[PDB]
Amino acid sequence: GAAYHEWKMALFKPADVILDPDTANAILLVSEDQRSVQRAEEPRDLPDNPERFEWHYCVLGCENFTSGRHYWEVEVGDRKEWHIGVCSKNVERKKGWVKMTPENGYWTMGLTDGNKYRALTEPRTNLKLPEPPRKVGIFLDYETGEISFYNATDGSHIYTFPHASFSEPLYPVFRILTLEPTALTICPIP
């Protein structure tokens, strides 16, 4: 099952994703090396910042993409809740209750309640993975509208969104809602 995944990684360019603290919801803590994020017990008290998510428990990478083919890997470990993918630069960061859907500028999938994998389509799409991933590969092909997710350990395909037509820069995006020991960690380029 790994053959195509290996071929795709050799084609797509490895992205060096560093988390941007100025975007992170106040309930989130970004590590000193900007490679991991954890949910805090209580929100931090920060001054006003137009980059920050006020409602979704989200953080972005520092760099966006407007063309090309890119790949990065996220260690999710045994964390029981997480959603990851990309989002448009112009998502509404200051508006309560926006649903994270492609129409609102998010292409994300992940895990909830320990064992329920979903793609964040409208309505949400339930997934069934034969094995729980510990590392997830995200593939972005801007020109073809491809945003794909793979189990990065055994190379199995997880989900690809309906072909998109991107018109805004895209950021890696990470969401965590629950308080638990395991953080979300970006794997660096070898």
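Counting begins at 1, following the sequence as shown.
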Seminar exercise, completed: Quick note on 52-60 and 36-44: per-entry mean CA temperature factor is higher in 36-44
For this session: Could you settle it for me: does 11-19 or 167-175 have the higher average Cα B factor in the PDB entry?
Result: 11-19
Problem set entry | Options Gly96, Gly77, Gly85, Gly105 - largest CA temperature factor per the record | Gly77
For this session: Tell me, lowest, middle or highest third: where does the Cα B factor of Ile147 rank within its chain?
Result: lowest
For this session: Looking at the entry's B-factor column for C-alpha atoms only, identify whether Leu29 ranks in the lowest, middle or highest third of its chain.
Result: middle
For this session: Check where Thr160 lands among this chain's C-alpha B-factors and tell me if it's the lowest, middle or highest third.
Result: lowest
